[PDB]
Amino acid sequence: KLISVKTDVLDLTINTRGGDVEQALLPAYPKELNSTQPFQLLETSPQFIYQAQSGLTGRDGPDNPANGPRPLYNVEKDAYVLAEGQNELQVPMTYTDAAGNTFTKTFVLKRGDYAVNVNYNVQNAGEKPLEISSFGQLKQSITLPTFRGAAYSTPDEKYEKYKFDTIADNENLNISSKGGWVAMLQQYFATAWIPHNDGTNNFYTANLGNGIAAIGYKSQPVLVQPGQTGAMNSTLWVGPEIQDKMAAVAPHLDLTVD
Ligand SMILES: [Ca+2]
Ligand SMILES: [Ca+2]
Ligand SMILES: [Ca+2]
Ligand SMILES: [Ca+2]
Ligand SMILES: [Ca+2]
């Protein structure tokens, strides 16, 4: 099912199968000049797709399609709203696999903030180590229903654009680095995935077919030992440039809008 997650600046629709962001509205920004309709950044419609996907892949990650269906997470409620007397809104969802292992995925949103934390906890109830990588992917229709396209950053390269035309020509990115981020850009707004780990991340683009481009990251896998709990952290930026907030999330994220 879909759940609604709302703060003062974000209106998100999240699919509990996998935990992808299928729609994102920015209540504070007009859809069009002189409109009071909210700007729609992420969108899933028959004409257009622009989604922020994420999960746990690697050998034992439930979102790895070899491991079975995208995990259908359990939630406490269908609608989450930031309370007047709260600074933070947490949206925890839980999935138990066949073997009894527990996977918790939590979205954390803050008042006035366009950075959404997406964090995982993995409890290993079995007898073998669980090898897990987190991933974040931004996928979008190449042609719409000043630069529009993708970008990324590594500590070394700092800023790089990647054109949708290049992806459509099936020439794709495949680079690995500590730190870094990936993004999709348009005038005034960006979406970006930012891993928070100490490993070597893999950043890539893909042509997903039917005129859909993707950019994403896959983290270096970690091992969660039998009986142990493991944690994986990332941030989704979804909104306009806010220099101060962006700088604390990742170096040079401000270059996406600028
Ligand atoms: Ca299988
Ligand atoms: Ca398996
Ligand atoms: Ca270079
Ligand atoms: Ca460059
Ligand atoms: Ca270059």
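If you check the PDB entry, the protein chain appears there as Inner membrane protein oxaA from Escherichia coli. Within the Protein Data Bank, this record goes by the title "1.8 Angstrom crystal structure of the periplasmic domain of the membrane insertase YidC".

With respect to the overall build of the protein chain
When helices and strands are counted, the protein chain shows 2 helices and 19 strands. What you see for the protein chain is a C-alpha radius of gyration of 18 Å, in line with the 18 Å of a compact globule of 258 residues. C-alpha extents for the protein chain along the principal axes are approximately 60 × 45 × 35 Å.

Some details on the sheet that holds strand 8 (residues 102-110)
Spatially, 8 strands are ordered 7-8-9-19-15-14-11-12 in an open sheet, and the strand pairing comes out antiparallel. The open sheet terminates on both sides in strands that have one partner only, identified here as strand 7 (88-96) and strand 12 (160-162). Recorded for the sheet is a direction-independent mean angle of 20° between the axes of neighbouring strands. In this sheet, strand 19 (residues 229-240) lies alongside strand 15 (residues 189-196) in antiparallel orientation, the contact comprising 8 bridges. Opposite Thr191, over in strand 19, you have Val238 as the bridge partner.

Digging into the coordination of the calcium ion (ligand 5)
The coordination sphere of the calcium ion (ligand 5) contains the protein donors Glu160 (OE) and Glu160 (OE), at a distance range of 2.6 to 2.8 Å. In this structure, the calcium ion (ligand 5) lies 3.8 Å away from the calcium ion (ligand 4), the two metals sharing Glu160 as a donor. Tracing the chain through its elements places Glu160 in strand 12.

Criteria and cut-off values
Each chain carries its own residue count, beginning from 1 and running in the order its sequence is written; this scheme need not agree with the entry numbering, and residues with no coordinates do not appear. Working convention: letters from A go to chains and numbers from 1 go to ligands, in the order in which they are written. Only hydrogens and water are set aside when side-chain values are computed; all heavy atoms of the structure are taken into account. Residues with missing side-chain atoms are left out of burial classes, side-chain pairs and their counts. Comment: elements are numbered from the N terminus, with helices defined as DSSP H or I runs of at least four residues and strands as E runs of at least two. Note on method: radius of gyration uses C-alpha positions; expected globular size equals 2.2 Å times residues raised to 0.38. Only when DSSP finds a minimum of two bridges between them are two strands counted as paired. To get an axis, a line is fitted to the C-alpha atoms, and for a helix only the part in contact is used. The angle between two axes follows their N-to-C directions and goes from 0 to 180 degrees. Each metal's donors are the N, O and S atoms within 2.8 Å of it, or within 3.2 Å when it is Na, K or Ca, and because water is not part of the set, sites may look incomplete.

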